[PDB]
Number of protein chains: 10
Amino acid sequence: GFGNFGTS
Amino acid sequence: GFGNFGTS
Amino acid sequence: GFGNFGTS
Amino acid sequence: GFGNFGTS
Amino acid sequence: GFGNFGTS
Amino acid sequence: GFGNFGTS
Amino acid sequence: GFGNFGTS
Amino acid sequence: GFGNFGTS
Amino acid sequence: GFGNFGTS
Amino acid sequence: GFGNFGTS
């Protein structure tokens, strides 16, 4: 993944 | 995934 | 992954 | 991975 | 800002 | 801003 | 702003 | 800023 | 800033 | 990996 903020 | 904010 | 901030 | 900040 | 992905 | 994906 | 995806 | 990926 | 990846 | 800050 890329450019993700705070994901689970 | 990409460009996701706070997803579960 | 790349450019991810605080992901789990 | 690269350019990741605080990921687990 | 913080946690931004891209150009500014 | 924070957690933005793209251009600004 | 935060959590925006795209251009601004 | 901190935790930014890209150009500024 | 800190923890930045790219050009400024 | 490269250019990573505080990752686990």
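Worth pointing out:
- Spin-label model, I:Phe2 to E:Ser8: label points 7 Å out along the Cα-to-beta-carbon direction sit 1.7 nm apart.
- Shape of the protein assembly as shown, Cα gyration tensor, a/c cut at 1.5: oblate
A quick note on method: Cβ atoms are made from the backbone with ideal geometry, for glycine too, and the neighbour counts reach across all protein chains shown. Just so you know, all these numbers are worked out from the coordinates, no wet-lab data involved.
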